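Asks: Dropping in start.pdb, which is PDB, C-alpha atoms and all ligand atoms:
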ATOM      1  CA  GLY A   1      66.942  83.030  95.058
ATOM      2  CA  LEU A   2      69.095  86.269  95.776
ATOM      3  CA  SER A   3      71.403  86.192  98.791
ATOM      4  CA  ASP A   4      70.695  88.190 101.830
ATOM      5  CA  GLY A   5      73.304  90.586 100.646
ATOM      6  CA  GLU A   6      71.502  91.058  97.286
ATOM      7  CA  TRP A   7      68.113  91.594  99.020
ATOM      8  CA  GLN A   8      69.884  94.332 101.141
ATOM      9  CA  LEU A   9      71.277  96.209  97.970
ATOM     10  CA  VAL A  10      67.689  95.966  96.455
ATOM     11  CA  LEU A  11      65.968  97.525  99.598
ATOM     12  CA  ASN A  12      68.651 100.085  99.826
ATOM     13  CA  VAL A  13      68.181 101.469  96.334
ATOM     14  CA  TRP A  14      64.388 101.076  96.831
ATOM     15  CA  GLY A  15      64.776 103.583  99.703
ATOM     16  CA  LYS A  16      65.591 106.310  97.092
ATOM     17  CA  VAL A  17      62.461 105.472  95.063
ATOM     18  CA  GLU A  18      60.459 105.758  98.263
ATOM     19  CA  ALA A  19      61.669 109.355  98.851
ATOM     20  CA  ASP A  20      59.751 110.211  95.538
ATOM     21  CA  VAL A  21      57.442 107.415  94.445
ATOM     22  CA  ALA A  22      55.135 109.359  91.975
ATOM     23  CA  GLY A  23      58.222 111.171  90.461
ATOM     24  CA  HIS A  24      59.943 107.800  89.688
ATOM     25  CA  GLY A  25      56.648 106.147  88.605
ATOM     26  CA  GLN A  26      55.880 108.830  86.079
ATOM     27  CA  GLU A  27      59.355 108.528  84.423
ATOM     28  CA  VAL A  28      59.072 104.683  84.376
ATOM     29  CA  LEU A  29      55.827 104.820  82.440
ATOM     30  CA  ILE A  30      57.228 107.494  80.103
ATOM     31  CA  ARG A  31      60.419 105.410  79.472
ATOM     32  CA  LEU A  32      58.126 102.359  78.824
ATOM     33  CA  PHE A  33      55.745 104.312  76.401
ATOM     34  CA  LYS A  34      58.624 105.975  74.664
ATOM     35  CA  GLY A  35      60.601 102.682  74.393
ATOM     36  CA  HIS A  36      57.811 100.177  73.399
ATOM     37  CA  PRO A  37      54.891 102.292  72.086
ATOM     38  CA  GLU A  38      52.797  99.280  71.628
ATOM     39  CA  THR A  39      52.481  99.028  75.374
ATOM     40  CA  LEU A  40      50.508 102.250  75.276
ATOM     41  CA  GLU A  41      47.798 100.410  73.359
ATOM     42  CA  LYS A  42      46.882  98.547  76.587
ATOM     43  CA  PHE A  43      45.890 101.797  78.429
ATOM     44  CA  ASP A  44      42.568 103.342  77.352
ATOM     45  CA  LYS A  45      43.111 106.182  79.713
ATOM     46  CA  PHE A  46      46.353 107.080  77.973
ATOM     47  CA  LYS A  47      46.249 106.017  74.343
ATOM     48  CA  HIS A  48      45.488 109.684  73.465
ATOM     49  CA  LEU A  49      48.750 111.124  74.822
ATOM     50  CA  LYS A  50      50.672 112.021  71.719
ATOM     51  CA  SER A  51      54.117 113.148  72.876
ATOM     52  CA  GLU A  52      56.341 113.125  75.889
ATOM     53  CA  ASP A  53      55.089 116.664  76.831
ATOM     54  CA  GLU A  54      51.582 115.428  76.962
ATOM     55  CA  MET A  55      52.627 112.357  79.134
ATOM     56  CA  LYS A  56      54.515 114.685  81.462
ATOM     57  CA  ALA A  57      51.424 116.934  81.771
ATOM     58  CA  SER A  58      49.190 113.981  82.587
ATOM     59  CA  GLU A  59      48.040 113.875  86.144
ATOM     60  CA  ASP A  60      46.498 110.507  85.805
ATOM     61  CA  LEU A  61      49.702 109.013  84.218
ATOM     62  CA  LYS A  62      51.530 110.276  87.295
ATOM     63  CA  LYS A  63      48.911 108.730  89.729
ATOM     64  CA  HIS A  64      49.152 105.435  87.853
ATOM     65  CA  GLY A  65      52.991 105.470  88.001
ATOM     66  CA  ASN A  66      52.535 105.941  91.811
ATOM     67  CA  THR A  67      50.201 102.891  91.936
ATOM     68  CA  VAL A  68      52.602 100.725  90.011
ATOM     69  CA  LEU A  69      55.666 101.486  92.102
ATOM     70  CA  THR A  70      53.767 101.324  95.412
ATOM     71  CA  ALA A  71      52.582  97.805  94.411
ATOM     72  CA  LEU A  72      56.056  96.767  93.251
ATOM     73  CA  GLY A  73      57.689  98.120  96.517
ATOM     74  CA  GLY A  74      55.305  95.954  98.590
ATOM     75  CA  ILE A  75      56.387  92.939  96.635
ATOM     76  CA  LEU A  76      60.100  93.649  96.907
ATOM     77  CA  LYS A  77      59.919  94.146 100.687
ATOM     78  CA  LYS A  78      58.747  90.498 100.906
ATOM     79  CA  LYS A  79      62.126  89.440  99.594
ATOM     80  CA  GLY A  80      60.843  86.592  97.537
ATOM     81  CA  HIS A  81      58.069  85.518  99.949
ATOM     82  CA  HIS A  82      55.497  87.361  97.871
ATOM     83  CA  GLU A  83      52.904  84.815  96.625
ATOM     84  CA  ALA A  84      50.044  86.621  98.210
ATOM     85  CA  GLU A  85      51.041  90.075  96.894
ATOM     86  CA  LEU A  86      51.709  88.503  93.583
ATOM     87  CA  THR A  87      48.464  86.565  92.981
ATOM     88  CA  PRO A  88      46.033  89.308  92.611
ATOM     89  CA  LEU A  89      48.464  91.109  90.166
ATOM     90  CA  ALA A  90      48.807  87.971  88.056
ATOM     91  CA  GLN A  91      45.029  87.535  88.120
ATOM     92  CA  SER A  92      44.152  91.066  86.817
ATOM     93  CA  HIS A  93      47.081  91.241  84.373
ATOM     94  CA  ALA A  94      46.331  87.907  82.810
ATOM     95  CA  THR A  95      42.539  87.972  82.798
ATOM     96  CA  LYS A  96      41.619  91.604  82.688
ATOM     97  CA  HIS A  97      44.346  93.622  81.203
ATOM     98  CA  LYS A  98      45.720  90.788  79.050
ATOM     99  CA  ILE A  99      49.393  91.758  79.498
ATOM    100  CA  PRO A 100      51.935  89.416  77.918
ATOM    101  CA  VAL A 101      55.043  88.492  79.940
ATOM    102  CA  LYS A 102      57.301  90.257  77.362
ATOM    103  CA  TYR A 103      55.600  93.478  78.516
ATOM    104  CA  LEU A 104      56.792  92.659  82.069
ATOM    105  CA  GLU A 105      60.244  92.504  80.683
ATOM    106  CA  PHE A 106      59.745  95.893  79.040
ATOM    107  CA  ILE A 107      58.746  97.553  82.284
ATOM    108  CA  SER A 108      61.647  95.914  84.203
ATOM    109  CA  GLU A 109      64.130  97.531  81.786
ATOM    110  CA  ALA A 110      62.348 100.964  82.117
ATOM    111  CA  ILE A 111      62.682 100.612  85.940
ATOM    112  CA  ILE A 112      66.393  99.932  85.678
ATOM    113  CA  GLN A 113      66.847 102.818  83.119
ATOM    114  CA  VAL A 114      65.140 105.202  85.557
ATOM    115  CA  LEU A 115      67.224 104.161  88.576
ATOM    116  CA  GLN A 116      70.439 104.451  86.413
ATOM    117  CA  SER A 117      69.459 107.985  85.169
ATOM    118  CA  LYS A 118      68.359 109.215  88.477
ATOM    119  CA  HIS A 119      70.857 107.688  90.955
ATOM    120  CA  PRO A 120      74.103 106.902  89.126
ATOM    121  CA  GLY A 121      76.042 107.303  92.333
ATOM    122  CA  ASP A 122      73.984 104.764  94.154
ATOM    123  CA  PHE A 123      73.226 102.418  91.398
ATOM    124  CA  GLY A 124      76.593 100.898  90.783
ATOM    125  CA  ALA A 125      77.492  97.448  89.342
ATOM    126  CA  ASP A 126      76.450  95.666  92.509
ATOM    127  CA  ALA A 127      73.018  97.333  93.004
ATOM    128  CA  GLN A 128      72.398  96.911  89.283
ATOM    129  CA  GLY A 129      72.916  93.102  89.331
ATOM    130  CA  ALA A 130      70.880  92.686  92.512
ATOM    131  CA  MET A 131      67.920  94.708  91.081
ATOM    132  CA  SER A 132      67.991  92.748  87.882
ATOM    133  CA  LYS A 133      67.784  89.434  89.641
ATOM    134  CA  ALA A 134      64.969  90.862  91.865
ATOM    135  CA  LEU A 135      62.862  91.899  88.753
ATOM    136  CA  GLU A 136      63.750  88.702  86.926
ATOM    137  CA  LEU A 137      62.289  86.603  89.920
ATOM    138  CA  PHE A 138      59.181  88.854  89.959
ATOM    139  CA  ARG A 139      58.672  88.165  86.224
ATOM    140  CA  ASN A 140      59.388  84.377  86.527
ATOM    141  CA  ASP A 141      56.937  84.091  89.290
ATOM    142  CA  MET A 142      54.269  86.139  87.380
ATOM    143  CA  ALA A 143      54.863  83.874  84.343
ATOM    144  CA  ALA A 144      54.274  80.748  86.366
ATOM    145  CA  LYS A 145      51.039  82.006  87.938
ATOM    146  CA  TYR A 146      49.918  82.879  84.388
ATOM    147  CA  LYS A 147      50.630  79.258  83.454
ATOM    148  CA  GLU A 148      48.576  77.798  86.244
ATOM    149  CA  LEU A 149      45.906  80.254  85.376
ATOM    150  CA  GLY A 150      45.964  78.644  81.978
ATOM    151  CA  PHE A 151      47.378  81.548  79.997
ATOM    152  CA  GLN A 152      50.522  82.855  78.642
ATOM    153  CA  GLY A 153      52.071  85.079  76.125
TER
HETATM  154  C1  LIG B   1      56.162  96.211  87.514
HETATM  155  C2  LIG B   1      55.036  95.685  86.948
HETATM  156  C3  LIG B   1      53.572  96.142  87.207
HETATM  157  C4  LIG B   1      52.910  96.384  88.335
HETATM  158  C5  LIG B   1      53.313  96.253  89.821
HETATM  159  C6  LIG B   1      51.553  96.781  88.022
HETATM  160  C7  LIG B   1      50.633  97.147  88.960
HETATM  161  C8  LIG B   1      49.358  97.512  88.591
HETATM  162  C9  LIG B   1      48.367  97.835  89.590
HETATM  163  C10 LIG B   1      48.610  97.842  91.094
HETATM  164  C11 LIG B   1      47.205  98.089  88.947
HETATM  165  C12 LIG B   1      45.789  98.454  89.514
HETATM  166  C13 LIG B   1      45.038  97.255  90.166
HETATM  167  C14 LIG B   1      45.024  96.151  89.138
HETATM  168  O1  LIG B   1      44.390  96.304  88.026
HETATM  169  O2  LIG B   1      45.739  95.107  89.269
HETATM  170  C15 LIG B   1      47.482  97.973  87.498
HETATM  171  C16 LIG B   1      46.513  98.155  86.533
HETATM  172  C17 LIG B   1      46.826  98.107  85.210
HETATM  173  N1  LIG B   1      47.970  97.600  84.608
HETATM  174 FE1  LIG B   1      49.656  97.158  85.597
HETATM  175  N2  LIG B   1      51.445  96.750  86.642
HETATM  176  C18 LIG B   1      52.615  96.367  86.113
HETATM  177  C19 LIG B   1      52.855  96.265  84.730
HETATM  178  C20 LIG B   1      51.960  96.441  83.665
HETATM  179  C21 LIG B   1      52.298  96.546  82.270
HETATM  180  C22 LIG B   1      53.689  96.252  81.736
HETATM  181  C23 LIG B   1      51.184  96.957  81.615
HETATM  182  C24 LIG B   1      50.898  97.328  80.167
HETATM  183  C25 LIG B   1      51.670  97.302  79.130
HETATM  184  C26 LIG B   1      50.152  97.145  82.597
HETATM  185  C27 LIG B   1      48.817  97.479  82.323
HETATM  186  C28 LIG B   1      47.852  97.705  83.230
HETATM  187  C29 LIG B   1      46.521  98.272  82.929
HETATM  188  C30 LIG B   1      46.005  98.524  81.488
HETATM  189  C31 LIG B   1      45.904  98.470  84.105
HETATM  190  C32 LIG B   1      44.513  99.098  84.389
HETATM  191  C33 LIG B   1      44.894 100.645  84.211
HETATM  192  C34 LIG B   1      43.592 101.428  84.380
HETATM  193  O3  LIG B   1      43.212 101.839  85.513
HETATM  194  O4  LIG B   1      43.012 101.579  83.256
HETATM  195  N3  LIG B   1      50.610  96.829  83.883
HETATM  196  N4  LIG B   1      48.809  97.601  87.277
END
Mind turning the file's structure into structure tokens?
Ligand code: HEM

Replies:
Amino acid sequence: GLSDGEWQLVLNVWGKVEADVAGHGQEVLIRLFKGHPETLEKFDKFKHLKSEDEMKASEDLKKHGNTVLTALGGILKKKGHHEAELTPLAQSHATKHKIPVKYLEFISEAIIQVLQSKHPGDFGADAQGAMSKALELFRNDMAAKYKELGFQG
């Protein structure tokens, strides 16, 4: 549960990611790969990128960042009523990609790091706390679906 006011600060800052979705997606995955290299091991398509210059050059890394943030935007706009948007994600991530929950935590922190670097002016103390609670609900709900799916890391 976030208040209505919190959901508003979340959608507001989300408006700035939507003015450049692939741009922000690409830096989130770089921040993630740079910050927890082990996460790169889950991506066949990218385990061959050896440096930040190669990641930056990567057209497919950019398309995938786009995918990720377009999926996450759809969830956020639901303001917590996102079961339907969430299921399919939990099903592939658990069964197919075998992504532990800690990895969800890693990407949540890269998302916040990107918004802080790119929009300091808009991403003050209030927007920061609201976005954190929004990503923390997303992860708690993903963890529970995992659980009913019979998994979890
Ligand atoms: C904010 C959290 C995330 C979102 C919204 C998200 C979204 C997606 C979407 C929409 C797809 C494509 C359709 C599907 O397979 O479900 C995808 C595929 C994938 N995801 Fe995620 N993801 C997230 C986090 C993660 C993390 C943290 C990892 C790895 C450490 C990861 C690994 C993968 C892989 C390996 C694929 C298939 C990539 C390919 O085409 O080879 N995801 N993700």

Asks: Quick one: pull the distance between atom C2 of ligand LIG 1 (chain B) and CA of residue 48 (chain A), Å, one decimal.

Replies: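 Interatomic distance here is 21.7 Å.
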
Asks: Could you report the residues within 7 Å of ligand LIG 1 (chain B), using only C-alpha atoms and all ligand atoms, as a list in words?

Replies: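 Using only C-alpha atoms and all ligand atoms, I find these residues within 7 Å of ligand LIG 1 (chain B): residues 39, 40, 42, 43, 44, 45, 67, 68, 69, 71, 72, 88, 89, 92, 93, 97, 99, 103, 104, 106, 107 and 108 of chain A.
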
Asks: Expanded to explicit residues, what is the PyMOL selection byres (((chain A and resi 20-29) around 9) and not hetatm) for this file, as a JSON list (two decimals) with C-alpha atoms, in the frame of the given file?

Replies:
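Heads up, here's the output in result_24.json:
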[["chain", "number", "residue", "atom", "x", "y", "z"],
["A", 16, "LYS", "CA", 65.59, 106.31, 97.09],
["A", 17, "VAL", "CA", 62.46, 105.47, 95.06],
["A", 18, "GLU", "CA", 60.46, 105.76, 98.26],
["A", 19, "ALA", "CA", 61.67, 109.36, 98.85],
["A", 30, "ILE", "CA", 57.23, 107.49, 80.10],
["A", 31, "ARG", "CA", 60.42, 105.41, 79.47],
["A", 32, "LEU", "CA", 58.13, 102.36, 78.82],
["A", 33, "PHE", "CA", 55.74, 104.31, 76.40],
["A", 34, "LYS", "CA", 58.62, 105.98, 74.66],
["A", 55, "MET", "CA", 52.63, 112.36, 79.13],
["A", 56, "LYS", "CA", 54.52, 114.68, 81.46],
["A", 61, "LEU", "CA", 49.70, 109.01, 84.22],
["A", 62, "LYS", "CA", 51.53, 110.28, 87.30],
["A", 63, "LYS", "CA", 48.91, 108.73, 89.73],
["A", 64, "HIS", "CA", 49.15, 105.44, 87.85],
["A", 65, "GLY", "CA", 52.99, 105.47, 88.00],
["A", 66, "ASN", "CA", 52.54, 105.94, 91.81],
["A", 67, "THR", "CA", 50.20, 102.89, 91.94],
["A", 68, "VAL", "CA", 52.60, 100.72, 90.01],
["A", 69, "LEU", "CA", 55.67, 101.49, 92.10],
["A", 70, "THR", "CA", 53.77, 101.32, 95.41],
["A", 107, "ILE", "CA", 58.75, 97.55, 82.28],
["A", 110, "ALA", "CA", 62.35, 100.96, 82.12],
["A", 111, "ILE", "CA", 62.68, 100.61, 85.94],
["A", 112, "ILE", "CA", 66.39, 99.93, 85.68],
["A", 113, "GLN", "CA", 66.85, 102.82, 83.12],
["A", 114, "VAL", "CA", 65.14, 105.20, 85.56],
["A", 115, "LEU", "CA", 67.22, 104.16, 88.58],
["A", 118, "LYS", "CA", 68.36, 109.22, 88.48]]

Asks: Using only C-alpha atoms, which residues sit within 9 Å of residue 11 (chain A) once same-chain residues fewer than 5 positions away are excluded, as a ChimeraX atom specification?

Replies: /A:6,73,76-77,79

Asks: Expand the PyMOL selection byres (((chain A and resi 7-9) around 8) and not hetatm) into the explicit residue set it covers here, and present it as a ChimeraX atom specification.

Replies: /A:2-6,10-13,79,126-127,130-131,134

Asks: Find the residues near region 138-149 of chain A: any atom within 6 Å, counting only C-alpha atoms, skip ones fewer than 3 places away on the same chain, and give them as a list in words.

Replies: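 Surrounding residues, per the criterion: residues 90, 135 and 152 of chain A.
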
Asks: Report, in Å with one decimal, the straight-line distance from CA of residue 101 (chain A) to CA of residue 153 (chain A).

Replies: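 Atom-to-atom, CA of residue 101 (chain A) and CA of residue 153 (chain A) are spaced 5.9 Å apart.
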
Asks: I need the residue nearest residue 137 (chain A) from this list: A:51, A:122, A:100, A:80. Use only C-alpha atoms for the distance.

Replies: A:80

Asks: Tell me which of A:1, A:52, A:98, A:14 sits closest to residue 128 (chain A), counting all atoms listed in the file.

Replies: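 Answer, going by the shortest atom-to-atom distance: A:14.
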
Asks: Ranking A:57, A:91, A:36, A:102 by minimum distance to residue 136 (chain A) and counting only C-alpha atoms, which one comes first?

Replies: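 The answer is A:102, which sits nearest to residue 136 (chain A).
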
Asks: What gap, in Å, lies between CA of residue 94 (chain A) and CA of residue 132 (chain A)?

Replies: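 Computing it gives 22.8 Å between the two atoms.
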
Asks: Return as AutoDock Vina command-line options the box centre and box size in Å, one decimal, for an axis-aligned box around all listed atoms of region 19-25 of chain A padded by 6 Å per side.

Replies:
--center_x 58.4 --center_y 108.7 --center_z 93.7 --size_x 18.5 --size_y 17.0 --size_z 22.2
